[PDB]
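Structure first, then comments.
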Amino acid sequence: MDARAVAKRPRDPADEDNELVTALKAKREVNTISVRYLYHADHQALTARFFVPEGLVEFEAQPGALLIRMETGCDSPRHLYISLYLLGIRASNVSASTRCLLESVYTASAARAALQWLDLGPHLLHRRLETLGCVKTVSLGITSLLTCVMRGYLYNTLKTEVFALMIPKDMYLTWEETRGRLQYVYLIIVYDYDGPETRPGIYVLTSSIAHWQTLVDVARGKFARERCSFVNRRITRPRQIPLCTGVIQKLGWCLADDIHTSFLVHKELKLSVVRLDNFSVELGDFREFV
Amino acid sequence: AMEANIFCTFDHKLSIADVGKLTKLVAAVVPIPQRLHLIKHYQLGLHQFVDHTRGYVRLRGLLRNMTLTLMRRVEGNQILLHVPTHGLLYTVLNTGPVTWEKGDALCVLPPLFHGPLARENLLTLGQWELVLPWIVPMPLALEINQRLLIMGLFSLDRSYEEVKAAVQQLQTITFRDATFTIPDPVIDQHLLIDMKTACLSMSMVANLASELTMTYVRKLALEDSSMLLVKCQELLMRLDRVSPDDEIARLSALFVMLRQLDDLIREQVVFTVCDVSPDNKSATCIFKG
Amino acid sequence: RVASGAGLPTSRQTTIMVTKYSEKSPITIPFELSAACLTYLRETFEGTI
């Protein structure tokens with residue numbers, strides 16, 4: 001209220017002590033627990049923690065990978081937390097050599113069950129799947145307890161070193177010959193409405209385009225064949241209901257200079273990846289386009 | 001060290017039983033028509049917008065632009081409210097009828113259960129009855145919107161038994177351990193005005209889009225640089241196997257009936273579950289506005 | 001509580017309140033008296049051995 005207190009400078013949070021420090025200091029005792037510096041206090045990255053069975057956590061022990069929950073009409077295990085690579089197993093976009101590579105590592109009773117639940121129901125994938133963000137730490141227990149982030153950067157505790165985002169080469173997709181200073185990274189599930197297969201194409205779009213109309217124009221321009229396949233399935237097969245030939249959502253934005261080619265190793269199996277070092281997640285809902 | 005909050009007061013007297021009822025709703029969502037600082041209790045929730053003649057659609061249209069807030073604390077002096085912001089997490093009660101899970105996209109809905117009920121008996125003063133909007137997962141909200149719209153579309157043929165069977169099929173909605181039903185929008189064998197204009201705009205844009213298409217693709221065909229255009233017209237030609245001011249008026253009519261349907265064809269996510277507490281009374285969710 | 005291991009299910013902070021009560025059990029052992037003892041105690045007779 002006073003002009004001294006109003007024009008007083010704002011208080012540094014790192015200079016003032018914790019509530020526990022002043023609480024212990026008031027009654028003046030001592031505990032064996034060191035309390036004077038609380039960890040994770042200066043953490044803008046709001047995180048969450050997820051239990052998941054052992055059969056899905058391979059190629060995840062290295063930090064930095066997507067995580068997607070699904071829905072299944074069965075009641076008790078109803079939501080599986082599938083990694084992006086097990087999602088890419090199902091996708092028709094990936095090369096068959098890499099497909100037989102990363103299927104050979106994911107031989108588990110939970111992974112094949114998730115693969116059956118992907119293609120069992122009548123729903124398409126975009127009405128079924130739901131992102132969570134990228135993962136930063138593992139637990140590697142008998143069941144695994146991963147730590148994903150909803151918003152913010154990807155870093156180790158104490159912020160000693162930043163965590164990168166990994167994506168396989170086949171899901172990587174750019175639409176410009178040179179990049180801007182900033183570029184967003186998206187998710188694309190495009191639907192081939194073909195007779196024999198309905199397996200989609202999975203992509204990430206490291207593009208410098210933020211506006212949705214100027215993004216969806218280039219999205220239609222690069223995926224004209226898929227919309228032509230959609231309208232061909234519309235005219236050839238009557239009384240069918242096709243919808244959302246491609247879907248699009250925002251995943252984050254990168255530094256546009258640390259993007260480089262590295263590789264993941266799990267059980268001496270190389271898997272080449274595009275790696276984005278200083279990256280912050282930024283989630284959004286599944287918009288669609290036809 | 002205080003935080004920026006909203007000081008809401010009550011002009012009616014409050015019992016200790018009503019204070020104990022109000023302190024059950026700590027992490028409850030409350031819409032507010034304008035984020036003032038010293039607001040009365042008459043603008044907490046939706047009892048300002050309860051109407052006998054109006055319906056669910058105008059409640060959804062108002063709730064699209066309401067300033068949603070959270071409660072902090074209740075006192076005999078006053079009541080504390082908290083405006084959320086984007087990119088921060090908050091605890092929020094599950095006053096909705098459906099339990100949640102982690103990572104579910106959540107959004108705010110007007111209450112289907114209306115008026116006096118065993119669950120709507122919250123903070124009920126003399127002329128006042130505090131009502132709270134539901135916090136539902138997103139696909140159930142989409143299902144409720146579609147089913148309520150199509151139950152509104154069958155309003156003019158309730159005499160047929162088959163249509164009543166389809167309505168009784170639509171009126172029951174299952175979910176994960178959730179078999180709740182909704183009220184039918186037709187009362188007194190008539191439809192409420194906002195739902196009537198919504199489905200009327202739906203039928204009007206469907207009729208106008210079926211009408212004007214062939215002339216426009218015929219006009220576009222003489223500059224054919226896109227092979228999608230000829231299969232676009234072949235679709236309409238296989239489906240069948242004007243004054244210029246009329247054309248202008250029909251275009252503007254189609255776009256204004258689309259613009260009046262903007263709030264129903266899409267919605268935004270409000271919260272997503274960072275994690276859920278056991279007993280599912282409440283959950284920690286990050287605000288998304 | 002006990003500090004569980006890594007990845008184990010932990011234990012939550014638990015408050016618990018118990019309220020013991022009381023009973024009633026009134027007793028009575030009444031006694032009667034003849035008219036002789038009241039008449040010869042509470043009233044005074046003549047001076048005879």
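Each chain in the structure tokens gets a letter, A, B and so on, in the order shown; residues start at 1 in every chain, and ligands are counted from 1 in the order they appear.
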
Next item on the list: Identify, on the basis of only C-alpha atoms, every residue whose closest approach to region 227-237 of chain B does not exceed 7 Å; exclude the query and any residue fewer than 4 positions from it along the same chain; express the result as a VMD selection string.
Entry: (chain A and resid 228 235) or (chain B and resid 217 241)

Using only C-alpha atoms, find each residue in chain C having at least one atom no more than 12 Å away from chain A; report its shortest atom-to-atom pair and that distance in Å (one decimal), rows by chain then rising number, as CSV.
```
residue,atom,partner,partner_atom,distance
C:5,CA,A:141,CA,10.9
C:6,CA,A:139,CA,8.2
C:7,CA,A:141,CA,6.5
C:8,CA,A:141,CA,9.0
C:9,CA,A:145,CA,11.1
```

Next item on the list: Do me a favour and pick out the residues of chain B within 12 Å of chain A, using only C-alpha atoms, as a ChimeraX atom specification.
Entry: /B:1,86-90,100-107,138-139,142,174-178,226-239,266-276,284-289

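Near region 173-186 of chain A, within a cut-off of 9 Å and counting only C-alpha atoms, sit the residues residues 203, 204, 205, 206, 207, 208, 209, 210, 218, 222, 248, 249, 250, 251, 252, 253, 254, 255, 256 and 257 of chain A, with same-chain residues fewer than 6 positions away left out.
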
Next item on the list: List every residue of region 3-42 of chain C that DSSP, applied to the backbone of this structure, places in alpha helix (DSSP H), and write the result as number ranges by chain.
Entry: C: 35-41

Kindly export the residues of the current selection with N, CA, C and O atoms, as an mmCIF file, in the first residue's frame.
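selection_1.cif was written with the following content:
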```
data_model
loop_
_atom_site.group_PDB
_atom_site.id
_atom_site.type_symbol
_atom_site.label_atom_id
_atom_site.label_comp_id
_atom_site.auth_asym_id
_atom_site.auth_seq_id
_atom_site.Cartn_x
_atom_site.Cartn_y
_atom_site.Cartn_z
ATOM 1 N N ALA C 35 -42.543 -49.863 60.649
ATOM 2 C CA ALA C 35 -42.999 -48.682 61.365
ATOM 3 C C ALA C 35 -42.459 -48.630 62.786
ATOM 4 O O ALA C 35 -42.446 -47.551 63.389
ATOM 5 N N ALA C 36 -41.998 -49.768 63.318
ATOM 6 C CA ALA C 36 -41.536 -49.828 64.701
ATOM 7 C C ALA C 36 -40.248 -49.037 64.891
ATOM 8 O O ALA C 36 -40.121 -48.267 65.850
ATOM 9 N N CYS C 37 -39.292 -49.197 63.973
ATOM 10 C CA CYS C 37 -38.008 -48.522 64.122
ATOM 11 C C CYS C 37 -38.132 -47.019 63.893
ATOM 12 O O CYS C 37 -37.529 -46.232 64.631
ATOM 13 N N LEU C 38 -38.942 -46.597 62.914
ATOM 14 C CA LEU C 38 -39.180 -45.167 62.718
ATOM 15 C C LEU C 38 -39.938 -44.554 63.888
ATOM 16 O O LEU C 38 -39.600 -43.452 64.339
ATOM 17 N N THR C 39 -40.954 -45.259 64.398
ATOM 18 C CA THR C 39 -41.771 -44.729 65.485
ATOM 19 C C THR C 39 -40.974 -44.649 66.784
ATOM 20 O O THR C 39 -41.098 -43.676 67.539
ATOM 21 N N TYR C 40 -40.101 -45.623 67.030
ATOM 22 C CA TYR C 40 -39.336 -45.652 68.265
ATOM 23 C C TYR C 40 -37.991 -44.939 68.152
ATOM 24 O O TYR C 40 -37.306 -44.788 69.170
ATOM 25 N N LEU C 41 -37.587 -44.499 66.955
ATOM 26 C CA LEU C 41 -36.391 -43.676 66.805
ATOM 27 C C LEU C 41 -36.723 -42.197 66.632
ATOM 28 O O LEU C 41 -36.260 -41.361 67.414
#
```

Notebook entry, point to check: Leaving out residue 38 (chain B) and any residue of its chain fewer than 6 positions from it, which residues lie within 8 Å of it when counting only C-alpha atoms, given as a ChimeraX atom specification?
Noted result: /B:6-9

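You will find CA of residue 194 (chain A) at 17.2 Å from CA of residue 126 (chain A).
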
Next item on the list: Name all residues at most 9 Å from residue 102 (chain A) (count only C-alpha atoms; drop same-chain ones fewer than 5 positions away) and give them as a VMD selection string.
Entry: chain A and resid 85 to 86 88 to 89 97 269 271
